[PDB]
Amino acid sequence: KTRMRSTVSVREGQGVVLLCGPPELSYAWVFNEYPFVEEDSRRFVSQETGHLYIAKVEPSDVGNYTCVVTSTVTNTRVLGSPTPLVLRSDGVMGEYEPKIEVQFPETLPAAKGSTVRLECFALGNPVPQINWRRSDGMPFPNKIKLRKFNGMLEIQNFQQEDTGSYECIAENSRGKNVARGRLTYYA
């Protein structure tokens, strides 16, 4: 589990992912020292991959990042060796289309009454804005809410009526890209 993270040098305006490592666990990212990264439209932590997604690097992001993974079995947290990251001086990276870097599966079975959480986050400069919608044009029922600064869609009490194709749209001034996937039901 223990390895020596080489310091990684990134560019201002560059879309970046900090991988955790391993894949029923919960993930968080601390900055510099213990304890957490301020998540917002620009930074997103996935409970599905464990990684930290920085859509556009700001100079403030320079520092040590380390991934704490907790085991649902217990309250045990196992830290990784931090990744320190700096800025290149050789040039700023320009604007570009959003690139959806983590997203819900093309097809996603869901137990009756369970709570499904669709993830969708995108690297982009300017910082992408996430929108959600159904493919068939039907508006969402009230029980569906936008968590994690629009990076997650939460469907509680999943029922057959909630099945169908869900789209995730990410855009900025330079274009838009789309993640699609059909949710299915089973009891």
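Start at 1 with the first residue shown and count on from there.
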Handout entry: Chain break class at residue 35/residue 36 - deposited residues not modelled
Key = 1 to 3
Completion exercise
Counting residues of the deposited sequence that sit between residue 23 and residue 24 but have no coordinates, the total is 4 to 9
Completion exercise
Mean Cα B-factor check, 156-164 vs 121-129, entry values; winner is 156-164
Exercise for the section: Averaging only over Cα atoms, indicate whether 45-53 or 63-71 has the higher B-factor in the PDB entry. Expected result: 63-71
Practice task
Could you tell me which one of 98, 109, 84, 105 shows the highest CA temperature factor in the PDB record?
Solution key: 84
Practice task
Consider only the C-alpha atoms of the modelled residues in this chain, order them by B-factor as the entry records it, and name the third containing residue 135: lowest, middle or highest.
Solution key: middle
